[PDB]
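Protein chains in written order, with the deposited numbering: chain H, 1474 to 1508; chain R, 507 to 556, 566 to 574, 586 to 607; chain Z, 1 to 69, 76 to 206, 253 to 286.
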Amino acid sequence: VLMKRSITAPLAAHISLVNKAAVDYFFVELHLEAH
Amino acid sequence: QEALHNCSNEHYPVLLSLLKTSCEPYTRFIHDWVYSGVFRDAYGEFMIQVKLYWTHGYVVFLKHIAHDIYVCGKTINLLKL
Amino acid sequence: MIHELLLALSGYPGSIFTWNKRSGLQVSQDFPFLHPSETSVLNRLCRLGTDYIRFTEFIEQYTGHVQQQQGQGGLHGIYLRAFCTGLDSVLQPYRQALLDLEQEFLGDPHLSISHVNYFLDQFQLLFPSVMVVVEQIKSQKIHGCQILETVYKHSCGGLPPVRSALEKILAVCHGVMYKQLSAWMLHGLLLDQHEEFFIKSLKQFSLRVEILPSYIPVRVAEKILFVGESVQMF
């Protein structure tokens, strides 16, 4: 079979972790929710 | 594209072996900037590149994830600060 | 005359056997010392090599001349390449026969013509029967799944070697249609273009009654279409 989707599944699993670690870093430290 | 063009012939393994090693530097590139926030490229032949921090430049493959990687590297480069 | 015949029949013409496109191979026919007994056998053996040259030249012309992707399937398409691929595998015992003849002639160069004719008599029937099956495809410019019926109507024959030989080619043409078929029912996306298999909700597709082969009923094609559309939805 031709697909590169068996490569994408361990990467999209990491993109979300990166984004959530960024938004928590905003919230509990730089107080955007307080702003 | 020549992969999806021919898969039902005897020229299937030759093209598969060629694409599998021809796609290694690109997969090497994407494996760095997402996990270490440092981009790499050969000659600027791949288009994607990189206060308020979003004043950075930007200039088949699965384009569903390609633009996602472009922000997913800049946030690592921000968290490295 | 001995090795010369094998060299010409394999497809390397000389001047004893002047290759023509209308007499095929034909012996020089002007020797002032030729014998009429050998003459009929010479003309009879020339036909196999003529068919062989036409077969291999057609296969060479229409297999591997592109990277696979016109709009006509009489000269192009994956099904057409699969036809020539099966035909080459059927041609292997002719090559084997000629290769045995060289060894016997090296062992004894005084072997008679009837011995050779006797061994080639099984191919003598097999080449003219299979000639019309490819001749109809080239002449009528047959496209798509209409190919698969054309060989199937000629594999209702009453000759066992011809029957098995055409069956080989139909199985070879079956592999590639199965190869797309394994993908479209599980996804809904095909990698083939310009060759139609009753697939053009019917979002960007259309079910054709014409192209559908004879032994695959319309109910079965409906079931295939239903599974592909349904997996494409969710």
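The beta-carbon is built from N, C-alpha and C at its ideal position, and this holds for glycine as well.
For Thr-533 of chain R, go through chain H and note every residue whose CB falls closer than 8 Å to its CB, in chain order. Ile-1480
Could you pull the start and end residues of the beta strand (DSSP E) that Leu-25 of chain Z belongs to? 25-27
Within 7 Å (strictly less), CB to CB, does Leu-187 of chain Z reach chain R? no
Close-in-space but distant-in-sequence residues of the same chain around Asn-603 of chain R (CB under 6 Å, 5 per side omitted): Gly-543
Run through chain R and tell me which residues come within less than 7 Å of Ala-1485 of chain H, C-beta to C-beta. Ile-591
Would you list the one or two residues that DSSP bridges to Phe-17 of chain Z? The secondary-structure analysis by DSSP pairs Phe-17 of chain Z across a beta bridge with Z:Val-27.
Would you call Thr-91 of chain Z buried or exposed, if buried means 16 or more other Cβ atoms sit within 10 Å of its Cβ? buried
For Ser-161 of chain Z, three-class secondary structure by DSSP: coil
To which residues of the same chain is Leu-81 of chain Z closer than 7 Å at the C-beta, ignoring the five residues directly before and after it? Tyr-62
Spatial neighbours of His-200 of chain Z within its chain, please: CB distance less than 6 Å, with the 5 preceding and 5 following residues excluded, ordered by chain position. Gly-77
Using beta-carbon positions only, say whether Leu-132 of chain Z and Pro-167 of chain Z come within less than 7 Å of one another. yes
Suppose contacts are defined by Cβ-Cβ distances below 7 Å. Is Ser-514 of chain R in contact with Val-157 of chain Z by that definition? No. Outside cutoff.
By DSSP, does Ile-263 of chain Z sit in helix, in strand, or in coil? Assigned with DSSP and collapsed to three states, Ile-263 of chain Z falls in coil, not helix or strand.
Find the residues of chain H that neighbour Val-540 of chain R, judging by a C-beta separation of less than 8 Å, and give them in chain order. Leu-1484, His-1487, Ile-1488, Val-1491
For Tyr-532 of chain R and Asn-1492 of chain H, what's the separation of their Cα atoms in angstroms? Straight-line measurement puts the Cα of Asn-1492 of chain H at about 23 Å from the Cα of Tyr-532 of chain R.
Taking CB distances under 7 Å as the criterion, tell me whether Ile-84 of chain Z reaches chain R. yes
Would you verify that the beta carbon of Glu-551 of chain R is, or is not, closer than 7 Å to some beta carbon of chain Z? no
Spatial neighbours of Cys-151 of chain Z in its chain, beta-carbon cut-off 6 Å, leaving aside the 5 residues before and after: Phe-203, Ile-263, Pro-265
Could you check whether the Cβ of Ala-1495 of chain H sits closer than 7 Å to any Cβ belonging to chain R? yes
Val-96 of chain Z and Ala-171 of chain Z closer than 7 Å at C-beta: With respect to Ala-171 of chain Z, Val-96 of chain Z sits close: the two C-beta atoms are nearer than 7 Å.
Interface residues of chain H facing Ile-554 of chain R [CB-CB closer than 8 Å]: By Cβ distance, chain H contributes nothing, its closest Cβ being about 15 Å from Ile-554 of chain R, past 8 Å.
Expected contact under 8 Å - CB spacing of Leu-1484 of chain H and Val-540 of chain R to nearest Å: With 8 Å as the limit, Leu-1484 of chain H and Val-540 of chain R qualify as a contact, their Cβ atoms being about 7 Å apart.
Under a three-way DSSP split, which group does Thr-63 of chain Z fall into? The answer is coil: DSSP assigns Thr-63 of chain Z none of H, G, I, E or B.
What did DSSP end up calling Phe-58 of chain Z once you bin it into helix, strand or coil? Of the three classes helix, strand and coil, the one that applies to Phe-58 of chain Z here is helix, per DSSP.
Nearest by alpha-carbon distance to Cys-46 of chain Z: which of Z:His-35, Z:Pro-36, Z:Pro-13 is it? Z:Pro-13
Using a Cβ cut-off of 9 Å, pull out every chain R residue sitting near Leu-176 of chain Z, in sequence order please. The contacting residues do not exist; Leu-176 of chain Z stays about 16 Å from chain R at best.
Are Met-191 of chain Z and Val-139 of chain Z closer than 7 Å when you measure CB to CB? no
Tell whether a beta-carbon distance below 7 Å holds between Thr-50 of chain Z and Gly-83 of chain Z. It is not a contact, given that the beta carbons lie outside the stated cut-off.
Residue range of the alpha helix (DSSP H) that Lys-174 of chain Z falls in? 166-190
Helix, strand or coil at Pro-99 of chain Z according to DSSP, with G and I counted as helix: helix
Other residues of its chain near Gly-163 of chain Z: CB distance less than 6 Å, five sequence neighbours each side excluded: Excluding positions up to five away in sequence, the list reads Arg-169.
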